[PDB]
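Protein chains in written order, with PDB author numbering: chain L, 4 to 50; chain P, 4 to 50; chain U, 447 to 495; chain B, 447 to 495; chain A, 447 to 494; chain F, 447 to 494; chain X, 51 to 149; chain Y, 51 to 99; chain R, 397 to 446.
Virtual Cβ for every residue (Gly too), placed ideally from N, Cα, C.
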Amino acid sequence: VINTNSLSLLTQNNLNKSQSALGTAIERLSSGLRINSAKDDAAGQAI
Amino acid sequence: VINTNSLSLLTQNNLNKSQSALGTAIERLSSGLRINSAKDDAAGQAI
Amino acid sequence: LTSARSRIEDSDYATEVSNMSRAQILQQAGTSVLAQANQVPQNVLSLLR
Amino acid sequence: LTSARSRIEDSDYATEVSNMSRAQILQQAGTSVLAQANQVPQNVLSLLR
Amino acid sequence: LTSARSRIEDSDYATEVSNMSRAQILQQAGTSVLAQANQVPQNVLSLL
Amino acid sequence: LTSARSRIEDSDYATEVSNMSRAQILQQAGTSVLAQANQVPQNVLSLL
Amino acid sequence: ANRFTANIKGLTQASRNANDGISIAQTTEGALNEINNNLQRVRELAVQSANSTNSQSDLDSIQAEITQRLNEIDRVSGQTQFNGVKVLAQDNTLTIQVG
Amino acid sequence: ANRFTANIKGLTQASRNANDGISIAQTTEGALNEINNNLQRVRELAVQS
Amino acid sequence: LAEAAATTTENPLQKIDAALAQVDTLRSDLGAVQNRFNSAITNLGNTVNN
């Protein structure tokens, strides 16, 4: 079947997920801080 | 034996089966996880 | 527990690569044999007259 | 949803190539046999003469 | 603002080449089909 | 056990390839000879 | 020949219907997986709540994300639909002809 | 297929809508962080006074 | 519609675990049905050929 490469689509989505995780890891690693935005931990920033 | 080619119809089945195998293999490969769905292993999913 | 979950869940890249290779090959060979099979009937046409 | 639409609408080239081959063979044989059949009754007419 | 502009403006780095593959294959196939379109005329011609 | 299963089940590639070649030759030879056979009584009618 | 052709056509359409069933199952499954991820996050936050050192403001902050997650769960349940069927909204049974 | 196409295009566009929402949230968050730093300096000064 | 909570919930993690149980059970059901679908499709293909 020509008109659509489902496998390509699935691989693209998995790649996006992996890259998301990689960025999450790298920022923490470089900064040395577990908290870099309000998203990481609501109560952590307040405390 | 002019009309219809049962031989070719039979052949196409092997192609489809191989295509399904390739899909499963490539999906597992991209994910990095053996159990990509409940379709694979329900007990593994739950555990 | 992380190791246990890895065992139950994580795949094996070596095995999966070998599997993909086998699949690609079966598919290519299938395409070829289909090409050969399509021709078969035309040997008939020579007897058109 | 993309996969669903694909399953619904795309044409399967494996099947369609074979269909085209069969149709081509059928058409050629049909023209040949039509010519032969027209010709023979024409030679029957020559018989009549 | 750079992040937002990138999100609105940029083309997906991957999807593009996949679409391109689709396009090339369709071109090749359609060229073959147009070639086939000739045969039927030639078949009727031989009939003549 | 996988090796044993392969030795029992799997088809050997090269042998079947050569078999297919031989059968393909036979097909066209048969076509030719049958055409010849039909022509033979066609010559008979020519004598007629 | 008529009987065989009828069977062949019916079975082809049955295969197509089976594909449709596969698709609907897959869509429901994806939605469910995402909901499960949200549930994992909720459990994590709940475990955090137990800490007796937290102040009431901290507890309210945690409750905020808890409420957001629950709202998203309900929204997904309400909205997810395939071909006009809200597959997670109301109990139902669907039948796919294959014979 | 028409219904599927409607849904697929709509959801695709909604993805970008959500992205823009995340962007605006991030901007507000940054401004808030800087406000917070200034307030902490003010509190230090108040204690000093 | 969801009522407003009256007091702090009791034994939450257990209710959450029950929710997980329900969701995973449903997922297992879907997986089983999909496997059945695939098997039926293959059988139908063979029957069509024959």
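Could you give the first and the last residue of the continuous alpha helix (DSSP H) run that contains residue i?
i, result
"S464 of chain A", "461-493"
"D110 of chain X", "106-129"
"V444 of chain R", "408-445"
"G47 of chain P", "45-49"
"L89 of chain Y", "52-98"
"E455 of chain F", "448-455"
Pull up the distance between the alpha-carbon of residue i and that of residue j, whole angstroms please.
i, j, result
"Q485 of chain A", "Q15 of chain P", "26 Å"
"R37 of chain P", "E94 of chain X", "25 Å"
"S464 of chain U", "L18 of chain L", "21 Å"
"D70 of chain Y", "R453 of chain A", "8 Å"
"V479 of chain A", "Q473 of chain A", "10 Å"
"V490 of chain B", "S492 of chain F", "16 Å"
"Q90 of chain X", "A96 of chain X", "10 Å"
"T27 of chain L", "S127 of chain X", "29 Å"
"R468 of chain U", "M466 of chain A", "27 Å"
"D141 of chain X", "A475 of chain A", "47 Å"
"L138 of chain X", "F54 of chain X", "40 Å"
"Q131 of chain X", "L13 of chain P", "38 Å"
"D456 of chain U", "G35 of chain P", "6 Å"
"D44 of chain L", "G47 of chain P", "30 Å"
"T77 of chain Y", "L447 of chain A", "8 Å"
"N6 of chain P", "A68 of chain X", "29 Å"
"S33 of chain L", "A49 of chain L", "23 Å"
"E79 of chain X", "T443 of chain R", "30 Å"
"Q488 of chain F", "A483 of chain B", "17 Å"
"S449 of chain F", "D458 of chain F", "14 Å"
"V429 of chain R", "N83 of chain X", "17 Å"
"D425 of chain R", "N407 of chain R", "28 Å"
"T477 of chain A", "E462 of chain A", "23 Å"
"residue 1 of chain P", "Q118 of chain X", "Because chain P here runs from 4 to 50, residue 1 of chain P falls outside it and cannot be looked at."
"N101 of chain X", "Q113 of chain X", "14 Å"
Go ahead and pull the three-state DSSP assignment for residue i.
i, result
"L36 of chain P", "strand"
So with Cβ pairs under 8 Å, would you call residue i a contact of chain P?
i, result
"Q430 of chain R", "yes"
"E84 of chain X", "no"
"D413 of chain R", "no"
"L12 of chain L", "no"
"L397 of chain R", "no"
"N465 of chain U", "yes"
"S435 of chain R", "no"
"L409 of chain R", "no"
Keeping to the same chain, check which residues put their C-beta closer than 6 Å to that of residue i; ignore five residues upstream and five downstream.
i, result
"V92 of chain Y", "none"
Answer with yes or no whether the minimum CB distance from residue i to chain Y is below 8 Å.
i, result
"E455 of chain B", "yes"
"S449 of chain A", "yes"
Between residue i and chain L, is there a C-beta pair that is closer than 8 Å?
i, result
"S107 of chain X", "yes"
"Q90 of chain X", "no"
Could you tell me whether the Cβ of residue i comes closer than 8 Å to any Cβ of chain B?
i, result
"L18 of chain P", "yes"
"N67 of chain Y", "no"
"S127 of chain X", "no"
"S73 of chain X", "yes"
Below 8 Å CB to CB, which residues in the same chain sit around residue i once its five sequence neighbours on both sides are set aside?
i, result
"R31 of chain L", "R37, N39"
"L440 of chain R", "none"
"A41 of chain L", "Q48"
Check whether the Cβ of residue i lies closer than 8 Å to any Cβ atom in chain A.
i, result
"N39 of chain L", "no"
"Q470 of chain B", "yes"
"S99 of chain Y", "no"
"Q22 of chain L", "no"
Does residue i have its Cβ less than 8 Å from a Cβ in chain U?
i, result
"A28 of chain P", "yes"
Using a Cβ cut-off of 8 Å (strictly closer), state whether residue i contacts chain R.
i, result
"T103 of chain X", "no"
In its own chain, which residues sit with a C-beta less than 7 Å from the C-beta of residue i, not counting the 5 before and 5 after it?
i, result
"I123 of chain X", "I85, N88"
Within 7 Å: the Cβ of residue i and any heavy atom of the ligand ADP?
i, result
"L138 of chain X", "Looking for the ligand ADP in the displayed structure turns up nothing, as the structure carries no ligands at all."
When the cut-off is 8 Å and only beta carbons count, does residue i lie next to chain F?
i, result
"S478 of chain U", "no"
Using a beta-carbon distance below 8 Å, is residue i in contact with chain X?
i, result
"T443 of chain R", "yes"
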